[PDB]
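Undergrad: Before we start, here is the structure in question, set down as structure tokens.
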Amino acid sequence: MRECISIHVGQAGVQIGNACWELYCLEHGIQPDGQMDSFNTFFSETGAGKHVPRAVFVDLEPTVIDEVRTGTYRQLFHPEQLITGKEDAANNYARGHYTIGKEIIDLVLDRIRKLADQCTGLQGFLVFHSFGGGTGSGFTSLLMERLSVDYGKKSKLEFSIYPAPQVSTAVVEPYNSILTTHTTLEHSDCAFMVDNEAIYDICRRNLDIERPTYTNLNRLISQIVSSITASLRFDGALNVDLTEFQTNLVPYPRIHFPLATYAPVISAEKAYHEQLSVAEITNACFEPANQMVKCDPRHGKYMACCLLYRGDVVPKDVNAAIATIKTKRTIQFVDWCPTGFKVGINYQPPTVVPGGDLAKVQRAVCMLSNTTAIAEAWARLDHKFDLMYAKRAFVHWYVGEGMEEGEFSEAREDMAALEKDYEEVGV
Amino acid sequence: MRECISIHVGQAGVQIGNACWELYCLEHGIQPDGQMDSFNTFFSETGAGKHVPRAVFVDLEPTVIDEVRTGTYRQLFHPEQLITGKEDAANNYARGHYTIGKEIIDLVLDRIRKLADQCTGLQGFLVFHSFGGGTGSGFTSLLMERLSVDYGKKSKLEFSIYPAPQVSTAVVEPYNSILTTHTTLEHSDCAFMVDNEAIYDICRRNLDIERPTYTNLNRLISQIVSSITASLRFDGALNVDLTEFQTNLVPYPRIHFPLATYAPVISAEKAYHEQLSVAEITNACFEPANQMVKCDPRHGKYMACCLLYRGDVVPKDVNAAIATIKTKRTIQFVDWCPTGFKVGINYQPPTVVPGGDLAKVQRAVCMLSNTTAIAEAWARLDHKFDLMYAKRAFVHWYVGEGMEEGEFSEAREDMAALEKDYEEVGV
Amino acid sequence: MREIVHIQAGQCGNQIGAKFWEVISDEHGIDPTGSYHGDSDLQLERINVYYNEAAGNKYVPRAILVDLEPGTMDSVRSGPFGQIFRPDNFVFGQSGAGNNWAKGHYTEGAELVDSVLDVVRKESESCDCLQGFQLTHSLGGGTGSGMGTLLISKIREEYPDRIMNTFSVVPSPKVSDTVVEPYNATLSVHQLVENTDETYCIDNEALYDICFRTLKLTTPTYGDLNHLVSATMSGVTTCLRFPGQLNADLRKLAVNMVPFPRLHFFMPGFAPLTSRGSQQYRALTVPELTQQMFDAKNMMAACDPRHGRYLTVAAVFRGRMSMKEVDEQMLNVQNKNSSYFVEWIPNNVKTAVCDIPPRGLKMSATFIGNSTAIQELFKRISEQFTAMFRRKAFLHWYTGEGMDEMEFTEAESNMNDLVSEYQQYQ
Amino acid sequence: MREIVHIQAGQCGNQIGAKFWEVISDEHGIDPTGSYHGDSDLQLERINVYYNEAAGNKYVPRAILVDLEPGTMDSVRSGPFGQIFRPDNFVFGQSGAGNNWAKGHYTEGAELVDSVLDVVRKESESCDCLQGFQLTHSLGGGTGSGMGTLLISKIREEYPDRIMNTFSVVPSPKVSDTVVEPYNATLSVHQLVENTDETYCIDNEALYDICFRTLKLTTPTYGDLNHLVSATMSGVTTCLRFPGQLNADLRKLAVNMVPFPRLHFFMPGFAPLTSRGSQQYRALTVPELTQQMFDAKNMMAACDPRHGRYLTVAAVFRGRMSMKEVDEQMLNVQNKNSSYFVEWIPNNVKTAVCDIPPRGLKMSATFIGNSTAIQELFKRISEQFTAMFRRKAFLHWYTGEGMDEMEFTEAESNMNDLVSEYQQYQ
Ligand SMILES: CC(=O)O[C@H]1C(=O)[C@@]2(C)[C@H]([C@H](OC(=O)c3ccccc3)[C@]3(O)C[C@H](OC(=O)[C@H](O)[C@@H](NC(=O)c4ccccc4)c4ccccc4)C(C)=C1C3(C)C)[C@]1(OC(C)=O)CO[C@@H]1C[C@@H]2O
Ligand SMILES: CC(=O)O[C@H]1C(=O)[C@@]2(C)[C@H]([C@H](OC(=O)c3ccccc3)[C@]3(O)C[C@H](OC(=O)[C@H](O)[C@@H](NC(=O)c4ccccc4)c4ccccc4)C(C)=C1C3(C)C)[C@]1(OC(C)=O)CO[C@@H]1C[C@@H]2O
Ligand SMILES: CC[C@H](/C=C(/C)[C@@H]1C[C@@H](OC)C[C@H](O)C(C)(C)[C@@]2(O)O[C@@H](C[C@@H](OC)[C@H](O)C(=O)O1)C[C@@H](OC)[C@H]2O)CO
Ligand SMILES: CC[C@H](/C=C(/C)[C@@H]1C[C@@H](OC)C[C@H](O)C(C)(C)[C@@]2(O)O[C@@H](C[C@@H](OC)[C@H](O)C(=O)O1)C[C@@H](OC)[C@H]2O)CO
Ligand SMILES: Nc1nc2c(ncn2[C@@H]2O[C@H](COP(=O)(O)OP(=O)(O)OP(=O)(O)O)[C@@H](O)[C@H]2O)c(=O)[nH]1
Ligand SMILES: Nc1nc2c(ncn2[C@@H]2O[C@H](COP(=O)(O)OP(=O)(O)OP(=O)(O)O)[C@@H](O)[C@H]2O)c(=O)[nH]1
Ligand SMILES: Nc1nc2c(ncn2[C@@H]2O[C@H](COP(=O)(O)OP(=O)(O)O)[C@@H](O)[C@H]2O)c(=O)[nH]1
Ligand SMILES: Nc1nc2c(ncn2[C@@H]2O[C@H](COP(=O)(O)OP(=O)(O)O)[C@@H](O)[C@H]2O)c(=O)[nH]1
Ligand SMILES: [Mg+2]
Ligand SMILES: [Mg+2]
């Protein structure tokens, strides 16, 4: 069957993974200890009955994984799936890659191989990292490269924490992200990217919450992930396998970045002041502020769009909605693509956790989008990098562990090329 | 179906809207929480069964809407339909328009669009403001202008709080009202205007009440509104749709102002000392003091009259009454209009709220009137404005936020033109 | 053969229509769901004239309901006999007309009319030999008036050899019922003069007079008025549905009633009209019936026929009667008061008779008058029109939908010419 | 004799297939486990056409289920009528196609197709006289589209003298349903033009229009769409399974419907199509049925047939009917509207009839149209293709599996030639 493995790497990735696992447990009826039909896509079938997931959990930081190992979702995990080392990169690309990561990576590969050995049709991977964080950027890149050698035909999807233009966390992100882009590019297939500023905005407006945490964010991410994956596991009108997200979303083999957005993301309060019909949901999906990154999508033609409807969904309504969207003048599309939309309709609805603010909905959607409008963010990032690098800010740290500066230049060139390609596409 | 939206803007407007909503709840059987046939004209059909109105609630004043949000008619409303900001204009036309309103207006427009997206035949709007109050005059004008761009074919009816000649509230009304007139004129279709002095007079004589409030006034207004609208919702002998009040009431495309008057407005005491026959009601409607503005209608020819009979009504009787009215020498009519009266007869009677003084009547009427007799009030207003403006009273406030003084002159010119037109009509 | 397709347009048209279908149903022994429960084979002989047959001995009105204004037709549907109509024969839009002929005839109505035409075509195919189309509408509204005219134009274009008859509710000139009514009426009349073979002109004022003065009644409702109209309508087509001595037909009536092609505006009446209470005070002699028929107070148009000459008159009787009595009565009427019938047409009257009285009556009769006096009605309308149009009052509502001033002028001109023509034969 | 082997390919193909097997089961009195519970010997006379017999009076679909994508077929198996299929007739792989024709036709599909061929061969041996193969698939996917084409190629190679018919779900050109859909559709069409004798072209847009405009329905599910398809499918083969007056057959239909070898793309329809609610409003006359059949709004391809000429049309009726009525109806249709049927073929229509109405209906009919208008469909697809291919958009996914640019070009060329040919006879 359509049966697969996940990868959660670095602090952020691990956090996301926890949430994901919780969501999965809710969905498939599994109790935190492994006790309870088609669950087995992730949870490789087990000895005494108690289910155990297929996820690679990696952190060179001990602390986050240590927390997990003394949590509630604890015995659920295999000891080995969770991996440990000694110290952070500390936002240092030249440590996940090159120096310290080239040591653990072998172990990770072995684990992955072992996991694969249970599949009877390994459709691919899901990878969780951060365009920014030191471990989950260099290390993840390295891992992806390794996988490329050992699994050429298998899809490798990535869930990515792009840094928002204005807001920041650690002031060496512009280097790290760029480096990741340079070395991820050719080894991944798809990189689903979500900002944090956008999420915060959504929370403030749509969910009516002005005091968020990371936990909430993680839950939201997990929801999206679930939406993406549910066609593997449950039945459906139209089933979108992992390998479709290659072919209905990558118009050219360097453009690997889609924006992942969810709806309806509205709390219980003015949910009952709403219909929550299919058309409305679709409309919400294409609006600017509901997107989970900081693009003005009205500034950029859509290349490929992909929608994953869940729950009580009649295809006719969906079709109507899509037609309406097509009709709209502001939702721009490329010169070379008429069949812009890819639709998945799944008989199982989304499932809501205790503590998760998003209330119970009979129907919901996850949208995946490729556009020239992502290029703005890239350009901004490039600019940031250039401003940093001319005065040689913090270069000696990465170079002092094991790097050429020409690498940086190469990365910049690559970015420029990407930009040019985007421009061409727009034309 | 004939299915539509309302707009309630500014303090006064919001107050009126509350009353209106209460009345609607009474009429259609809806409980304050949304629980219970043809209600759905306003109350767009809902998810779990509990009905939610289609009204735009706007106040740059937080306080009034805050009160509503902690009232009884509370969960009934959608959170978004009610809108908030920060501070009043403070009877300052140059803040609803120009400065502060151009900020919220977009949101309001969006809301309106969303509401429209539920209609299967949006017949138009109902707008509640004040010729005088700072928010609901500039802001409302702005809103109307915006709507004109986004809905050209859709009717936009307005319910208006004209300031009475002698009595006043805030001593910058003469500016604001004039400004509103200048910028409303070409974007609205109809502006149903009600004074307060007239209402008070009615209360003193007809209802036998000498200690009124705003609440009572609001209730009265709501009654009128209900009478206006009931042909959309319930069955009838003759059904007057919103779009009829364009075509049976606007003889020329600048004359957009009718007087809205109601009968019988008599309490339980000397109701039983009365027959309350159709003819009597009709007679009451055309009498001077029962009118809801301060005109002497005997000083002015009628252009178009429109009557909306409700309850136990036989058309023959109505016809007889109309004939009698026509016969009368004092009820003057224009040289150019023979078919002066437009009649709507509705099988559903009016419905009385607990607390509302007007007792239960098997039959009742609402009358709408265009005449040269409205021009007197306009002239008075103009005079007031001119007296104010020559010594430059409070001009620096509006000008100091963002205005030309030439605007004032333009407004005055417009008023003069209107007056001239009225004179011509009279001829 | 002899099959009729019915169209009802606008609010009035629909309401009258409902009553008409009730009455016809009753007459043909059709129950409110559509089952036959008659005891006479006479009832089904020519049932095809109004009803199509369906599986399970179901009978369905050959009837089309049109309104741009939705909700009026919903009321019809909700009603008792609403369940007899074919759901696919409800054609409706999502916007009213604001009593605007231009919106009915030019813009909004044009968007809906295709559907109606399609349905009409479909209906036509189930006629062995289509007699024609029968329309119910009102002048003074937007849909019945404008869209009705539009539809009539289309249908005449497609079926010019079939008869086009309209039961049209006109204004009450002494107490008018909308503000733009004169504009609408004038615009419609133009269209009807050219594109119909006969128009039955019914006015509510006359109906109320009938109710009050003649029938001795009070509290009359629109329902009651509709009843009266429906009775005349049914009377008109009796000879297509049933046996008799002299059998009428649509074109036969037109042949005897329209001596010049444009003079086809009729004043319909019914008799007997006496009180329900004072029943026994009177009886049913043919002379009495004819008296009732011919008396001005018993007509349903807003004329004094005594202020003009009759060009022609058709009387349609129901019940088994002495033809001698009939003819002789007519002759006496003509002789005694020859001044009220134009002297240039020998034998202005016409008789038809059907052996089958409706429900209660032993003897009933329907009156169809074509008098020069009807000029009065048109004259008053033109007066109304002119007073407004010379000041271009309310005109912006129509020009805004693409109508031109010139059209209005031309319509007025045509109306005036009609009046002139009527005056000629006076 | 006259035995048919059924193949279902891909998700769509399997889903439609399930419905088809339910419907056929019902028709032949087979219960969900495979026992016969009919009351007529007519039911079993030619049951062999679709079903093999097994020990214990068990009947088994002569049906093969193929999907490289596993899990869709598991749903089928889990379903109610899933238990009727032979477990050995499920052929499935362990990898999806990502809506990739190249993976279905060249690489992944090539690895699975041997098994399918083996099963097909086995199936063929239990035919007394194999009529042919009937396939259900979709264009726009990878398995149904690519692998379906592959399988068809193989089967034609091995059984070139047996008839190859495909019920193929094509795109909805106004609102397309995948991104690479145009590529897939274009690639498949190339194969089908050359390697099948007839292809029934069904599009979801048309189905939804039928549901909404004609049947007056809402909330329609894929199940409902499948139902509609299944009904047409069953109608197509009725004359092989049952008695009648004029009995059709696959090649007979092909003989009357394919006047040039490559023009074998049909628009299927069913009649009657009216609302469930408004049943009594209409009845079952042959003329009404034919009207329903012939009206554009009632067709299941995405054309206005009025924008082209009919090359040929086959109507297959079920129910005991007047042949006079049938023939005369056809004649009238041709005479009245001769412009819509190409004048170079005298008698463009064909009739067949079977004495055995399906479940509820007394009279049912299946429509098969071959119109020059279908050029529109191909034209739009080619437009879609060109816009992408001129920028080599999405092409790397296909070249990566060994497909060459030249092939794409050639496919486009062939499609264009098809269009040109259709235009010739317009
Ligand atoms: C006890 C008795 O004999 O009662 C009579 C009756 O009193 C009188 C007054 C009836 C009555 O009619 C009215 O009062 C009336 C009300 C509104 C508008 C017009 C008339 C009667 O209601 C009407 C009714 O008419 C019929 O039955 C005809 O078949 C008539 N039917 C309908 O109009 C009808 C009413 C309800 C439901 C279905 C059909 C008809 C006439 C012409 C063509 C077809 C049908 C009759 C004779 C009577 C009553 C019942 C009191 C009269 O009218 C008719 C149309 O017959 C009024 O003057 C006549 C003389 C009748 O004698
Ligand atoms: C009380 C009654 O008479 O109900 C009818 C009915 O109301 C109508 C509306 C049926 C109904 O069909 C649909 O509503 C429909 C739903 C989805 C897609 C397509 C159609 C009916 O469901 C379908 C059903 O059809 C059959 O029984 C045929 O044998 C049909 N069977 C199936 O499709 C089938 C359904 C479920 C399970 C197994 C088989 C068939 C048609 C062609 C070839 C073989 C079989 C019938 C007549 C009816 C209902 C039950 C309401 C109609 O359809 C058919 C195929 O007959 C729709 O228009 C026709 C006219 C019928 O009168
Ligand atoms: C022939 C066409 C015809 C012309 C006339 C004038 C006809 C002739 C006669 O009827 C046939 C009159 C009739 O014989 C009567 C005297 C019994 C009587 O009915 O006359 C009317 C007044 C009369 O007009 C004066 C009436 O209105 C009317 O129309 O009369 C009062 C009435 O009170 C009970 C009664 O007294 C018009 O269509
Ligand atoms: C013969 C092949 C054929 C050609 C034509 C045009 C055929 C002929 C006739 O049907 C057989 C039309 C038919 O007689 C009607 C008029 C009753 C009717 O059905 O026509 C359609 C519109 C018509 O196209 C205009 C239709 O779509 C159609 O296809 O018509 C509206 C419909 O509303 C209820 C009704 O009014 C195409 O396959
Ligand atoms: N959405 C989300 N973002 C997170 C979370 N944790 C960290 N981040 C984001 O990830 C980025 C920081 O990377 P981390 O994952 O913390 O870093 P790391 O991978 O552990 O790498 P080092 O600590 O540098 O070795 C910042 O942009 C954070 O906002 C989380 O739980 N959820
Ligand atoms: N009938 C009625 N009139 C009211 C009500 N509230 C205020 N008014 C009248 O409205 C005018 C004042 O305008 P408001 O609506 O209070 O002012 P606003 O729109 O809030 O504008 P600012 O307060 O100036 O920002 C005065 O003429 C009041 O008498 C009410 O509830 N009913
Ligand atoms: N006799 C009769 N007149 C009606 C009826 N309904 C409305 N009217 C008259 O028709 C005119 C109003 O037009 P109406 O049909 O309601 O407007 P529409 O829906 O725009 O065509 C007025 O003169 C009314 O008195 C009815 O049921 N019977
Ligand atoms: N009519 C119909 N269309 C379907 C069904 N399932 C999928 N589709 C359509 O088939 C196309 C998608 O291809 P699908 O068969 O699911 O992909 P595959 O499994 O790769 O062949 C789309 O146009 C869908 O609308 C079905 O059950 N019925
Ligand atoms: Mg870390
Ligand atoms: Mg305020």
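Following the order of the structure tokens, chains are lettered A, B, ..., residues in each are numbered from 1, and ligands are numbered from 1.
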Determine which residues of segment 252-329 of chain B receive a DSSP assignment of helix (DSSP H, G or I), computed from the backbone, and state them as an MDAnalysis selection string.

TA: chainID B and resid 278:286 315:327

Undergrad: Include C-alpha atoms and write out the residues we just selected as a PDB file, in the first residue's frame.

TA:
```
ATOM      1  CA  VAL B 278     -59.460  52.353   6.310  1.00  0.00           C
ATOM      2  CA  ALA B 279     -60.807  55.726   5.207  1.00  0.00           C
ATOM      3  CA  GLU B 280     -60.135  57.253   8.621  1.00  0.00           C
ATOM      4  CA  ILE B 281     -56.563  55.951   8.565  1.00  0.00           C
ATOM      5  CA  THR B 282     -56.040  57.406   5.098  1.00  0.00           C
ATOM      6  CA  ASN B 283     -57.391  60.769   6.259  1.00  0.00           C
ATOM      7  CA  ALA B 284     -55.058  60.700   9.258  1.00  0.00           C
ATOM      8  CA  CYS B 285     -52.122  60.006   6.950  1.00  0.00           C
ATOM      9  CA  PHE B 286     -52.732  63.218   4.909  1.00  0.00           C
ATOM     10  CA  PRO B 315     -58.971  47.095  -1.762  1.00  0.00           C
ATOM     11  CA  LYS B 316     -62.396  48.575  -2.531  1.00  0.00           C
ATOM     12  CA  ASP B 317     -62.317  50.571   0.697  1.00  0.00           C
ATOM     13  CA  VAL B 318     -58.778  51.745  -0.078  1.00  0.00           C
ATOM     14  CA  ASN B 319     -59.874  52.883  -3.527  1.00  0.00           C
ATOM     15  CA  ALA B 320     -62.805  54.784  -2.032  1.00  0.00           C
ATOM     16  CA  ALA B 321     -60.493  56.474   0.463  1.00  0.00           C
ATOM     17  CA  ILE B 322     -58.093  57.482  -2.290  1.00  0.00           C
ATOM     18  CA  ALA B 323     -60.965  58.905  -4.348  1.00  0.00           C
ATOM     19  CA  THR B 324     -62.095  60.929  -1.333  1.00  0.00           C
ATOM     20  CA  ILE B 325     -58.557  62.239  -0.849  1.00  0.00           C
ATOM     21  CA  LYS B 326     -58.381  63.211  -4.524  1.00  0.00           C
ATOM     22  CA  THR B 327     -61.689  65.062  -4.184  1.00  0.00           C
TER      23      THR B 327
END
```

Undergrad: Please identify which residues in segment 265-401 of chain C DSSP calls strand (DSSP E) from the backbone, and express them as an mmCIF file with N, CA and C atoms, in the first residue's frame.

TA:
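Writing done, so here's result-v3.cif:
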```cif
data_model
loop_
_atom_site.group_PDB
_atom_site.id
_atom_site.type_symbol
_atom_site.label_atom_id
_atom_site.label_comp_id
_atom_site.auth_asym_id
_atom_site.auth_seq_id
_atom_site.Cartn_x
_atom_site.Cartn_y
_atom_site.Cartn_z
ATOM 1 N N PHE C 265 -60.605 45.940 -29.310
ATOM 2 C CA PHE C 265 -60.592 46.125 -27.866
ATOM 3 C C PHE C 265 -62.008 45.964 -27.355
ATOM 4 N N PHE C 266 -62.241 44.922 -26.560
ATOM 5 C CA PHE C 266 -63.591 44.541 -26.170
ATOM 6 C C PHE C 266 -63.911 44.847 -24.726
ATOM 7 N N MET C 267 -65.179 45.106 -24.464
ATOM 8 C CA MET C 267 -65.662 45.255 -23.102
ATOM 9 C C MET C 267 -66.408 43.980 -22.787
ATOM 10 N N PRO C 268 -65.865 43.145 -21.870
ATOM 11 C CA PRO C 268 -66.516 41.901 -21.488
ATOM 12 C C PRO C 268 -67.524 42.108 -20.377
ATOM 13 N N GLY C 269 -68.526 41.245 -20.341
ATOM 14 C CA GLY C 269 -69.477 41.259 -19.249
ATOM 15 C C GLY C 269 -69.976 39.869 -18.974
ATOM 16 N N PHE C 270 -70.617 39.718 -17.822
ATOM 17 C CA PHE C 270 -71.355 38.515 -17.518
ATOM 18 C C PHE C 270 -72.786 38.824 -17.068
ATOM 19 N N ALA C 271 -73.691 37.883 -17.338
ATOM 20 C CA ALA C 271 -75.024 37.904 -16.770
ATOM 21 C C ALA C 271 -75.518 36.479 -16.503
ATOM 22 N N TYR C 310 -72.442 51.078 -30.619
ATOM 23 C CA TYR C 310 -71.870 49.722 -30.732
ATOM 24 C C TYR C 310 -71.544 49.391 -32.190
ATOM 25 N N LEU C 311 -70.276 49.081 -32.464
ATOM 26 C CA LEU C 311 -69.861 48.593 -33.786
ATOM 27 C C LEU C 311 -70.305 47.151 -33.964
ATOM 28 N N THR C 312 -70.058 46.344 -32.945
ATOM 29 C CA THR C 312 -70.570 44.983 -32.898
ATOM 30 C C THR C 312 -70.576 44.406 -31.486
ATOM 31 N N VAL C 313 -71.441 43.412 -31.309
ATOM 32 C CA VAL C 313 -71.699 42.791 -30.012
ATOM 33 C C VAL C 313 -71.863 41.298 -30.187
ATOM 34 N N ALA C 314 -71.180 40.511 -29.368
ATOM 35 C CA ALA C 314 -71.361 39.060 -29.356
ATOM 36 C C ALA C 314 -71.912 38.635 -28.010
ATOM 37 N N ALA C 315 -73.004 37.877 -28.037
ATOM 38 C CA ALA C 315 -73.605 37.289 -26.843
ATOM 39 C C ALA C 315 -73.432 35.786 -26.936
ATOM 40 N N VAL C 316 -72.902 35.186 -25.870
ATOM 41 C CA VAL C 316 -72.705 33.738 -25.795
ATOM 42 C C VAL C 316 -73.509 33.186 -24.621
ATOM 43 N N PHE C 317 -74.564 32.427 -24.940
ATOM 44 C CA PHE C 317 -75.478 31.851 -23.960
ATOM 45 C C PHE C 317 -75.126 30.404 -23.628
ATOM 46 N N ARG C 318 -75.430 30.032 -22.391
ATOM 47 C CA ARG C 318 -75.265 28.660 -21.910
ATOM 48 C C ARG C 318 -76.540 28.217 -21.210
ATOM 49 N N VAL C 349 -75.534 42.691 -33.673
ATOM 50 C CA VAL C 349 -75.429 41.637 -32.681
ATOM 51 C C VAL C 349 -74.973 40.335 -33.320
ATOM 52 N N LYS C 350 -74.617 39.416 -32.452
ATOM 53 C CA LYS C 350 -74.338 38.019 -32.789
ATOM 54 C C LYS C 350 -74.760 37.176 -31.604
ATOM 55 N N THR C 351 -75.334 36.005 -31.883
ATOM 56 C CA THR C 351 -75.650 35.007 -30.857
ATOM 57 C C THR C 351 -74.809 33.741 -31.025
ATOM 58 N N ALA C 352 -74.398 33.179 -29.900
ATOM 59 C CA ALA C 352 -73.937 31.789 -29.856
ATOM 60 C C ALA C 352 -74.545 31.123 -28.640
ATOM 61 N N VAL C 353 -74.716 29.807 -28.676
ATOM 62 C CA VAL C 353 -75.334 29.107 -27.555
ATOM 63 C C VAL C 353 -74.734 27.724 -27.362
ATOM 64 N N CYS C 354 -74.566 27.343 -26.098
ATOM 65 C CA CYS C 354 -74.063 26.025 -25.728
ATOM 66 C C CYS C 354 -75.009 25.312 -24.772
ATOM 67 N N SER C 364 -76.891 31.084 -18.305
ATOM 68 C CA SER C 364 -75.851 32.089 -18.078
ATOM 69 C C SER C 364 -75.454 32.677 -19.411
ATOM 70 N N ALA C 365 -74.816 33.844 -19.407
ATOM 71 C CA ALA C 365 -74.430 34.458 -20.663
ATOM 72 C C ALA C 365 -73.232 35.344 -20.504
ATOM 73 N N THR C 366 -72.426 35.405 -21.558
ATOM 74 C CA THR C 366 -71.225 36.228 -21.598
ATOM 75 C C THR C 366 -71.393 37.262 -22.700
ATOM 76 N N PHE C 367 -71.032 38.506 -22.384
ATOM 77 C CA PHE C 367 -71.209 39.644 -23.270
ATOM 78 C C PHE C 367 -69.852 40.123 -23.751
ATOM 79 N N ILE C 368 -69.757 40.404 -25.046
ATOM 80 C CA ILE C 368 -68.546 40.961 -25.626
ATOM 81 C C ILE C 368 -68.967 42.129 -26.501
ATOM 82 N N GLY C 369 -68.601 43.342 -26.091
ATOM 83 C CA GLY C 369 -69.001 44.570 -26.775
ATOM 84 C C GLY C 369 -67.821 45.280 -27.402
ATOM 85 N N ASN C 370 -68.042 45.798 -28.609
ATOM 86 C CA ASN C 370 -67.081 46.646 -29.296
ATOM 87 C C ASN C 370 -67.768 47.985 -29.583
ATOM 88 N N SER C 371 -67.587 48.953 -28.678
ATOM 89 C CA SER C 371 -68.259 50.250 -28.801
ATOM 90 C C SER C 371 -67.287 51.370 -29.058
#
```

Undergrad: Could you give me, as number ranges by chain, every polymer residue with an atom at most 9 Å away from an atom of ligand 5, counting only C-alpha atoms and all ligand atoms?

TA: A: 9-17, 59-61, 64, 87-93, 95-96, 129-137, 139, 161-164, 168-170, 173, 194-196, 199, 213-221

Undergrad: Please identify all polymer residues within 12 Å of segment 122-129 of chain D, counting only C-alpha atoms, omitting same-chain residues fewer than 5 positions from it, and present them as a PyMOL selection string.

TA: chain D and resi 1-7+48-54+60-64+86+88-89+115-117+155+158-159+161-163

Undergrad: Now that the selection is made, can you save its residues with C-alpha atoms as a JSON list (two decimals), in the first residue's frame?

TA:
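Written file, again.json:
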```json
[["chain", "number", "residue", "atom", "x", "y", "z"],
["D", 1, "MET", "CA", -21.64, -16.55, -28.17],
["D", 2, "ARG", "CA", -21.54, -12.70, -28.08],
["D", 3, "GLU", "CA", -19.46, -12.71, -24.81],
["D", 4, "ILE", "CA", -17.82, -9.47, -23.54],
["D", 5, "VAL", "CA", -14.70, -9.09, -21.37],
["D", 6, "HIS", "CA", -14.74, -5.98, -19.13],
["D", 7, "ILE", "CA", -11.61, -4.09, -18.02],
["D", 48, "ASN", "CA", -23.11, -15.35, -20.26],
["D", 49, "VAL", "CA", -22.57, -12.07, -22.11],
["D", 50, "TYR", "CA", -21.25, -10.49, -18.88],
["D", 51, "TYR", "CA", -21.02, -13.28, -16.28],
["D", 52, "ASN", "CA", -19.13, -16.58, -16.01],
["D", 53, "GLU", "CA", -20.81, -19.42, -14.16],
["D", 54, "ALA", "CA", -19.17, -21.27, -11.27],
["D", 60, "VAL", "CA", -18.91, -14.04, -11.61],
["D", 61, "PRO", "CA", -18.27, -10.88, -13.61],
["D", 62, "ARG", "CA", -15.97, -11.44, -16.59],
["D", 63, "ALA", "CA", -14.19, -8.40, -15.24],
["D", 64, "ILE", "CA", -10.59, -7.33, -14.68],
["D", 86, "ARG", "CA", -12.69, -12.94, -8.68],
["D", 88, "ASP", "CA", -7.32, -13.30, -9.10],
["D", 89, "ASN", "CA", -8.75, -10.60, -11.40],
["D", 115, "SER", "CA", -0.20, -9.77, -15.59],
["D", 116, "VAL", "CA", -3.22, -8.01, -17.04],
["D", 117, "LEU", "CA", -2.53, -9.52, -20.47],
["D", 155, "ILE", "CA", -5.20, -6.32, -26.64],
["D", 158, "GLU", "CA", -3.67, -9.98, -29.84],
["D", 159, "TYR", "CA", -7.38, -9.80, -30.82],
["D", 161, "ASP", "CA", -10.77, -9.11, -35.10],
["D", 162, "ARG", "CA", -12.72, -8.49, -31.89],
["D", 163, "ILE", "CA", -14.32, -5.14, -31.08]]
```
